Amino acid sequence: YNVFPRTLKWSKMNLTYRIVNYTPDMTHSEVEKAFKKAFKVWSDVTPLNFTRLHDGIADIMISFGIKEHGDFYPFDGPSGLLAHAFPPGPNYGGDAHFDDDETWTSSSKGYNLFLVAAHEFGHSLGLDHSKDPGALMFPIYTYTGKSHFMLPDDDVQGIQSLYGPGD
C-alpha cells in the first residue's frame, strides 16, 4: 500500500522545465537566460538540479498569458499579480504562469523577469509567502537596486527546510 506524502515537495532531485511560449518584450535567449539564472538561485543552496526540455511534459511547465488563461487564477493587466505558480505535485503542480500584460525586462525598468521567476520557482519548489519584507518570497515586488543578487537568509532557511543543503 501507499499513502499520500505529507509535505508538498518534490520527491526527486533532478527536475525538468519547459518554456511553452514566449513574451514579446524579450528575445528567446533573454527569457531562457532569466529562467536558467532563476533556477540556479535555488540549486546553489539545495541538492536540486534543473534541465530544460524543448517538447513533452516537464515537471515545471512555464507559459505567458493574460486575463483568463486556463485556471482559477486569472491575471489583471499591468501590475498587481505579476505571475503565479502551483505547489509541487503531478500535472499542474510546479507549473508557473507569467502575466504578459507586464513589461518584462532584464533591468530595473518594468518588472525584472529573472526576479519574478526566482520568486515563482520558490512556489514551484514548495515555498509559500514570507512575512519578511526583505525576503525573495515576500508577496510584493521590491527591487533593491543593488549590483548583484544574493538570496536572503530567510529564503535559504525556507528551502533547506524542505530539501536540506547542496552539500
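The numbering used is simple: start at 1 and walk along the sequence shown. What we label the rigid core is the largest C-alpha set whose atoms superpose within 1.5 Å from one form to the other.
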- Between 34-42 and 65-73, greater root mean square CA displacement in 7 other deposited structures of this protein relative to the shown form, after rigid core superposition, belongs to 65-73
- Query: Among the other PDB entries compared that flank it on both sides, is residue 146 unmodelled in a third or more?
  - Reply: yes
- Query: For the stretches 44-52 and 106-114, which has the higher mean C-alpha B-factor as given in the deposited record?
  - Reply: 106-114
- Note on the structure: Assert higher mean C-alpha B factor (150-158 or 14-22, deposited values) equals 150-158
- From the entry's CA B-factor values, the highest among 35, 64, 141, 121 is 141
- Message: Lowest, middle or highest third: which one holds residue 57 when the chain's residues are ordered by CA B-factor from the entry?
- Response: highest
- Task: Ordered by C-alpha B-factor within the chain, which third holds residue 69? Give me lowest, middle or highest, please.
- Result: lowest
- Taking the chain's C-alpha temperature factors as the reference, tell me which third residue 132 falls into: lowest, middle or highest. highest
- Going by the recorded CA B-factors, say which third of the chain residue 94 sits in, lowest, middle or highest. lowest
